[PDB]
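What follows is work.pdb (PDB, C-alpha atoms (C1' of nucleotides)).
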```pdb
ATOM      1  CA  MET A   1       0.000   0.000   0.000  1.00  0.00           C
ATOM      2  CA  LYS A   2       1.019   3.593  -0.670  1.00  0.00           C
ATOM      3  CA  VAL A   3       0.584   6.638   1.569  1.00  0.00           C
ATOM      4  CA  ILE A   4       1.639  10.232   2.241  1.00  0.00           C
ATOM      5  CA  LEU A   5       2.725  10.653   5.853  1.00  0.00           C
ATOM      6  CA  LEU A   6       2.374  13.753   8.039  1.00  0.00           C
ATOM      7  CA  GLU A   7       5.035  13.007  10.664  1.00  0.00           C
ATOM      8  CA  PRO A   8       8.653  11.769  10.509  1.00  0.00           C
ATOM      9  CA  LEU A   9       7.932   8.268  11.851  1.00  0.00           C
ATOM     10  CA  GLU A  10      11.286   6.610  12.674  1.00  0.00           C
ATOM     11  CA  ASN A  11       9.993   3.552  10.828  1.00  0.00           C
ATOM     12  CA  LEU A  12       9.345   4.759   7.277  1.00  0.00           C
ATOM     13  CA  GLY A  13      10.707   8.227   6.579  1.00  0.00           C
ATOM     14  CA  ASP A  14      10.230  11.926   7.234  1.00  0.00           C
ATOM     15  CA  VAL A  15       6.847  13.520   6.460  1.00  0.00           C
ATOM     16  CA  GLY A  16       5.787  13.995   2.860  1.00  0.00           C
ATOM     17  CA  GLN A  17       7.667  10.949   1.615  1.00  0.00           C
ATOM     18  CA  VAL A  18       5.232   8.623  -0.135  1.00  0.00           C
ATOM     19  CA  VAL A  19       6.348   5.353   1.433  1.00  0.00           C
ATOM     20  CA  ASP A  20       4.850   1.867   1.148  1.00  0.00           C
ATOM     21  CA  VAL A  21       3.321  -0.115   4.017  1.00  0.00           C
ATOM     22  CA  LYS A  22       0.934  -3.080   4.223  1.00  0.00           C
ATOM     23  CA  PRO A  23      -2.849  -2.398   4.328  1.00  0.00           C
ATOM     24  CA  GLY A  24      -3.065  -2.985   8.084  1.00  0.00           C
ATOM     25  CA  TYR A  25      -0.490  -0.473   9.321  1.00  0.00           C
ATOM     26  CA  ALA A  26      -2.334   2.021   7.119  1.00  0.00           C
ATOM     27  CA  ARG A  27      -5.856   0.603   7.404  1.00  0.00           C
ATOM     28  CA  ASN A  28      -6.080   0.255  11.180  1.00  0.00           C
ATOM     29  CA  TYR A  29      -3.314   2.437  12.642  1.00  0.00           C
ATOM     30  CA  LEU A  30      -1.760   4.931  10.229  1.00  0.00           C
ATOM     31  CA  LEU A  31      -5.018   6.117   8.678  1.00  0.00           C
ATOM     32  CA  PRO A  32      -7.243   6.511  11.793  1.00  0.00           C
ATOM     33  CA  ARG A  33      -4.346   7.998  13.762  1.00  0.00           C
ATOM     34  CA  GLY A  34      -4.015  10.403  10.851  1.00  0.00           C
ATOM     35  CA  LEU A  35      -0.315   9.601  11.092  1.00  0.00           C
ATOM     36  CA  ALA A  36      -0.392   9.374   7.307  1.00  0.00           C
ATOM     37  CA  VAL A  37      -3.184   9.920   4.785  1.00  0.00           C
ATOM     38  CA  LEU A  38      -4.196   7.452   2.078  1.00  0.00           C
ATOM     39  CA  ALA A  39      -2.332   7.817  -1.227  1.00  0.00           C
ATOM     40  CA  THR A  40      -4.693   8.358  -4.131  1.00  0.00           C
ATOM     41  CA  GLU A  41      -3.729   9.944  -7.458  1.00  0.00           C
ATOM     42  CA  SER A  42      -5.568  13.117  -6.441  1.00  0.00           C
ATOM     43  CA  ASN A  43      -3.181  13.698  -3.546  1.00  0.00           C
ATOM     44  CA  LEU A  44       0.082  13.092  -5.416  1.00  0.00           C
ATOM     45  CA  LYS A  45      -0.909  16.124  -7.477  1.00  0.00           C
ATOM     46  CA  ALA A  46      -1.437  18.123  -4.281  1.00  0.00           C
ATOM     47  CA  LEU A  47       2.220  17.306  -3.643  1.00  0.00           C
ATOM     48  CA  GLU A  48       3.574  18.964  -6.804  1.00  0.00           C
ATOM     49  CA  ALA A  49       1.663  22.247  -6.562  1.00  0.00           C
ATOM     50  CA  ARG A  50       3.294  22.683  -3.154  1.00  0.00           C
ATOM     51  CA  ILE A  51       6.849  21.650  -4.060  1.00  0.00           C
ATOM     52  CA  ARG A  52       7.007  23.757  -7.223  1.00  0.00           C
ATOM     53  CA  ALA A  53       5.356  26.564  -5.260  1.00  0.00           C
ATOM     54  CA  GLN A  54       8.382  27.245  -3.060  1.00  0.00           C
ATOM     55  CA  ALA A  55      10.804  25.763  -5.590  1.00  0.00           C
ATOM     56  CA  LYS A  56      10.313  28.598  -8.081  1.00  0.00           C
ATOM     57  CA  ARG A  57       9.614  31.082  -5.277  1.00  0.00           C
ATOM     58  CA  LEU A  58      12.990  30.285  -3.724  1.00  0.00           C
ATOM     59  CA  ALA A  59      14.603  30.669  -7.139  1.00  0.00           C
ATOM     60  CA  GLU A  60      12.552  33.745  -8.040  1.00  0.00           C
ATOM     61  CA  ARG A  61      13.345  35.660  -4.851  1.00  0.00           C
ATOM     62  CA  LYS A  62      16.844  34.358  -5.488  1.00  0.00           C
ATOM     63  CA  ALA A  63      16.732  36.189  -8.812  1.00  0.00           C
ATOM     64  CA  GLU A  64      15.583  39.352  -7.055  1.00  0.00           C
ATOM     65  CA  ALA A  65      18.448  38.709  -4.641  1.00  0.00           C
ATOM     66  CA  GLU A  66      21.021  39.115  -7.415  1.00  0.00           C
ATOM     67  CA  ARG A  67      19.380  42.403  -8.424  1.00  0.00           C
ATOM     68  CA  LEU A  68      20.277  43.900  -5.050  1.00  0.00           C
ATOM     69  CA  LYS A  69      23.471  41.862  -5.235  1.00  0.00           C
ATOM     70  CA  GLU A  70      24.693  44.082  -8.076  1.00  0.00           C
ATOM     71  CA  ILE A  71      23.340  47.531  -7.153  1.00  0.00           C
ATOM     72  CA  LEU A  72      24.502  47.229  -3.530  1.00  0.00           C
ATOM     73  CA  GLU A  73      27.902  45.760  -4.408  1.00  0.00           C
TER      74      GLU A  73
ATOM     75  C1'   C B   1     -40.902  -2.735 -38.324  1.00  0.00           C
ATOM     76  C1'   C B   2     -37.398   1.176 -38.569  1.00  0.00           C
ATOM     77  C1'   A B   3     -34.034   4.943 -34.770  1.00  0.00           C
ATOM     78  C1'   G B   4     -31.576   6.928 -32.795  1.00  0.00           C
ATOM     79  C1'   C B   5     -29.592   9.485 -28.472  1.00  0.00           C
ATOM     80  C1'   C B   6     -27.840  11.672 -23.525  1.00  0.00           C
ATOM     81  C1'   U B   7     -23.984  11.251 -20.724  1.00  0.00           C
ATOM     82  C1'   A B   8     -18.365   9.780 -17.327  1.00  0.00           C
ATOM     83  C1'   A B   9     -13.798  11.529 -18.284  1.00  0.00           C
ATOM     84  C1'   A B  10      -9.349  15.878 -20.163  1.00  0.00           C
ATOM     85  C1'   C B  11     -10.559  21.460 -19.687  1.00  0.00           C
ATOM     86  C1'   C B  12     -12.781  26.759 -18.130  1.00  0.00           C
ATOM     87  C1'   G B  13     -16.096  30.189 -14.979  1.00  0.00           C
ATOM     88  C1'   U B  14     -18.559  30.226 -10.735  1.00  0.00           C
ATOM     89  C1'   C B  15     -20.496  29.422  -5.275  1.00  0.00           C
ATOM     90  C1'   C B  16     -19.292  26.758  -0.932  1.00  0.00           C
ATOM     91  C1'   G B  17     -16.553  23.654   2.301  1.00  0.00           C
ATOM     92  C1'   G B  18     -11.656  22.174   4.053  1.00  0.00           C
ATOM     93  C1'   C B  19      -6.629  23.005   5.212  1.00  0.00           C
ATOM     94  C1'   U B  20       0.250  21.797   6.120  1.00  0.00           C
ATOM     95  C1'   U B  21      -3.989  29.702   2.115  1.00  0.00           C
ATOM     96  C1'   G B  22      -1.822  26.564  -2.833  1.00  0.00           C
ATOM     97  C1'   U B  23      -0.650  29.478  -9.285  1.00  0.00           C
ATOM     98  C1'   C B  24      -4.801  23.537  -4.897  1.00  0.00           C
ATOM     99  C1'   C B  25      -7.772  19.435  -3.042  1.00  0.00           C
ATOM    100  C1'   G B  26     -12.757  18.518  -3.126  1.00  0.00           C
ATOM    101  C1'   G B  27     -18.332  19.068  -3.510  1.00  0.00           C
ATOM    102  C1'   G B  28     -22.517  21.357  -6.157  1.00  0.00           C
ATOM    103  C1'   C B  29     -23.833  23.892 -10.611  1.00  0.00           C
ATOM    104  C1'   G B  30     -22.962  25.711 -15.620  1.00  0.00           C
ATOM    105  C1'   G B  31     -19.993  25.737 -20.029  1.00  0.00           C
ATOM    106  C1'   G B  32     -17.320  22.069 -22.669  1.00  0.00           C
ATOM    107  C1'   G B  33     -17.684  16.444 -24.676  1.00  0.00           C
ATOM    108  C1'   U B  34     -19.690  11.526 -26.550  1.00  0.00           C
ATOM    109  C1'   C B  35     -16.055   8.454 -31.113  1.00  0.00           C
ATOM    110  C1'   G B  36     -13.967   3.358 -34.644  1.00  0.00           C
ATOM    111  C1'   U B  37     -12.901   7.288 -41.898  1.00  0.00           C
ATOM    112  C1'   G B  38     -11.269   6.944 -33.923  1.00  0.00           C
ATOM    113  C1'   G B  39     -12.876  10.910 -30.792  1.00  0.00           C
ATOM    114  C1'   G B  40     -12.444  15.016 -27.569  1.00  0.00           C
ATOM    115  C1'   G B  41      -9.577  18.629 -25.094  1.00  0.00           C
ATOM    116  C1'   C B  42      -5.420  22.949 -25.810  1.00  0.00           C
ATOM    117  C1'   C B  43      -2.847  26.591 -29.081  1.00  0.00           C
ATOM    118  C1'   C B  44      -2.401  28.597 -34.216  1.00  0.00           C
ATOM    119  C1'   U B  45      -4.353  29.493 -38.987  1.00  0.00           C
ATOM    120  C1'   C B  46      -9.281  29.461 -42.405  1.00  0.00           C
ATOM    121  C1'   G B  47     -14.046  33.578 -43.026  1.00  0.00           C
ATOM    122  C1'   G B  48     -16.280  32.080 -39.474  1.00  0.00           C
ATOM    123  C1'   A B  49     -21.037  32.583 -40.754  1.00  0.00           C
ATOM    124  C1'   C B  50     -26.307  34.465 -42.504  1.00  0.00           C
ATOM    125  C1'   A B  51     -27.102  28.898 -44.168  1.00  0.00           C
ATOM    126  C1'   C B  52     -28.313  23.594 -43.313  1.00  0.00           C
ATOM    127  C1'   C B  53     -30.071  19.336 -39.861  1.00  0.00           C
ATOM    128  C1'   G B  54     -34.299  18.958 -36.527  1.00  0.00           C
ATOM    129  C1'   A B  55     -37.267  15.824 -32.432  1.00  0.00           C
ATOM    130  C1'   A B  56     -39.484  10.193 -28.707  1.00  0.00           C
ATOM    131  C1'   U B  57     -40.875  17.533 -26.897  1.00  0.00           C
ATOM    132  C1'   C B  58     -44.828  21.288 -27.303  1.00  0.00           C
ATOM    133  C1'   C B  59     -49.430  23.852 -29.340  1.00  0.00           C
ATOM    134  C1'   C B  60     -53.512  23.957 -33.017  1.00  0.00           C
ATOM    135  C1'   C B  61     -56.398  20.973 -36.384  1.00  0.00           C
ATOM    136  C1'   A B  62     -58.448  16.579 -39.102  1.00  0.00           C
ATOM    137  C1'   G B  63     -59.845  12.049 -38.237  1.00  0.00           C
ATOM    138  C1'   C B  64     -61.325   9.229 -34.085  1.00  0.00           C
ATOM    139  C1'   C B  65     -64.013   6.779 -29.391  1.00  0.00           C
ATOM    140  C1'   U B  66     -67.951   7.983 -25.546  1.00  0.00           C
ATOM    141  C1'   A B  67     -75.338   9.032 -26.707  1.00  0.00           C
ATOM    142  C1'   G B  68     -77.691   8.998 -31.640  1.00  0.00           C
ATOM    143  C1'   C B  69     -80.891  10.440 -36.308  1.00  0.00           C
ATOM    144  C1'   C B  70     -82.516   9.937 -42.133  1.00  0.00           C
ATOM    145  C1'   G B  71     -83.254   5.151 -44.342  1.00  0.00           C
ATOM    146  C1'   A B  72     -86.667   2.790 -50.309  1.00  0.00           C
ATOM    147  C1'   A B  73     -91.181  -0.824 -51.719  1.00  0.00           C
ATOM    148  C1'   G B  74     -98.275  -3.901 -51.125  1.00  0.00           C
ATOM    149  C1'   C B  75    -102.737  -3.986 -51.567  1.00  0.00           C
ATOM    150  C1'   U B  76    -107.118  -7.501 -52.757  1.00  0.00           C
ATOM    151  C1'   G B  77    -109.184 -12.228 -52.162  1.00  0.00           C
ATOM    152  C1'   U B  78    -108.578 -17.532 -50.407  1.00  0.00           C
ATOM    153  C1'   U B  79    -107.379 -21.993 -46.047  1.00  0.00           C
ATOM    154  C1'   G B  80    -106.991 -21.002 -40.896  1.00  0.00           C
ATOM    155  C1'   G B  81    -107.987 -19.820 -33.919  1.00  0.00           C
ATOM    156  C1'   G B  82    -104.139 -16.981 -36.351  1.00  0.00           C
ATOM    157  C1'   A B  83    -101.059 -15.966 -42.504  1.00  0.00           C
TER     158        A B  83
END
```
This entry written out as structure tokens:
Amino acid sequence: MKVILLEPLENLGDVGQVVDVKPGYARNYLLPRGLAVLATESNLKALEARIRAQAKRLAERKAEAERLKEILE
RNA sequence: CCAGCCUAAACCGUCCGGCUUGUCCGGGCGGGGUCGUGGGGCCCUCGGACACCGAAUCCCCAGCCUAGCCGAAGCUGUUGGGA
């Protein structure tokens, strides 16, 4: 089974990672304890919009950084 | 006997709800779409259109069913209880 976890559980990996576990761990512990949410296609898309979000934003501000980099220098 | 159609899905607007407010997930609605020479979506170009196509839907009517009316032409005698 696949899932997207919301807590760095010293068993699988840090949050966000989309790690595999058997139905049980995720059907009767990890889902109800909201430790991780179920991994449908829908959600994997939610992932990208977020990553890219700050990806470009960190590069974009970065760009603006160089602007001041030159005029201040 | 005759007959073919609408949709789910990619996408866009919108309202609302959620939440690690995202250039987003979902739910409702609308737009979009319905195919086997495969189709649809998205961008570009063509002119994109007055045109075509047209209901199993709707209104009017005929006809029609539910009571009915017109409807031609004969008399005499004879048997017989009675023609």
Counting all atoms listed in the file, the option among A:38, A:19, A:68, A:51 closest to chain B: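 Of all the options, A:51 lies closest to chain B.
Here CA of residue 30 in chain A and CA of residue 4 in chain A stand 10.2 Å from one another.
Restricting the calculation to only C-alpha atoms (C1' of nucleotides), the smallest distance between residue 32 in chain B and any of B:48, B:74, B:68, B:13 is found for B:13.
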Compute the chain A side of the contact with chain B at 8 Å, counting all atoms listed in the file, and hand it back as a short mmCIF file (atom, residue, chain, number, x, y, z; two decimals) with C-alpha atoms, in the frame of the given file.
```cif
data_model
loop_
_atom_site.label_atom_id
_atom_site.label_comp_id
_atom_site.auth_asym_id
_atom_site.auth_seq_id
_atom_site.Cartn_x
_atom_site.Cartn_y
_atom_site.Cartn_z
CA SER A 42 -5.57 13.12 -6.44
CA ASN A 43 -3.18 13.70 -3.55
CA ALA A 46 -1.44 18.12 -4.28
CA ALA A 49 1.66 22.25 -6.56
CA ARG A 50 3.29 22.68 -3.15
CA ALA A 53 5.36 26.56 -5.26
#
```
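Taking CA of residue 40 in chain A and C1' of residue 11 in chain B as the two end points, the separation is 21.2 Å.
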List the residues selected by the PyMOL selection byres ((chain A and resi 5) around 10) in the file shown, writing them as a tab-separated table (two decimals) with C-alpha atoms, in the coordinates of the input.
```tsv
chain	number	residue	atom	x	y	z
A	2	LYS	CA	1.02	3.59	-0.67
A	3	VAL	CA	0.58	6.64	1.57
A	4	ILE	CA	1.64	10.23	2.24
A	6	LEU	CA	2.37	13.75	8.04
A	7	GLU	CA	5.04	13.01	10.66
A	8	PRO	CA	8.65	11.77	10.51
A	9	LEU	CA	7.93	8.27	11.85
A	12	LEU	CA	9.35	4.76	7.28
A	13	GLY	CA	10.71	8.23	6.58
A	14	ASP	CA	10.23	11.93	7.23
A	15	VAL	CA	6.85	13.52	6.46
A	16	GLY	CA	5.79	14.00	2.86
A	17	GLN	CA	7.67	10.95	1.62
A	18	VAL	CA	5.23	8.62	-0.14
A	19	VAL	CA	6.35	5.35	1.43
A	30	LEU	CA	-1.76	4.93	10.23
A	31	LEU	CA	-5.02	6.12	8.68
A	34	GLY	CA	-4.01	10.40	10.85
A	35	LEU	CA	-0.32	9.60	11.09
A	36	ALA	CA	-0.39	9.37	7.31
A	37	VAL	CA	-3.18	9.92	4.78
A	38	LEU	CA	-4.20	7.45	2.08
A	39	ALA	CA	-2.33	7.82	-1.23
```
Atomic separation - CA of residue 55 in chain A relative to CA of residue 70 in chain A, Å: 23.1 Å
Chain and number of each residue from the PyMOL selection byres ((chain B and resi 37-43) around 12), as a VMD selection string: chain B and resid 9 to 12 32 to 36 44 to 45
How big is the axis-aligned box, and where does its centre sit, when it encloses all atoms of range 24-37 of chain A listed in the file and has 8 Å added on every side, reported in Å to one decimal as JSON?
```
{"center_x": -3.8, "center_y": 3.7, "center_z": 9.3, "size_x": 22.9, "size_y": 29.4, "size_z": 25.0}
```
Nearest to residue 5 in chain B by atom-to-atom distance, counting all atoms listed in the file, from B:55, B:30, B:70, B:46: B:55
Selection near residue 27 in chain B, 12 Å with only C-alpha atoms (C1' of nucleotides), sequence-local residues under 5 positions removed, as number ranges by chain: B: 15-18
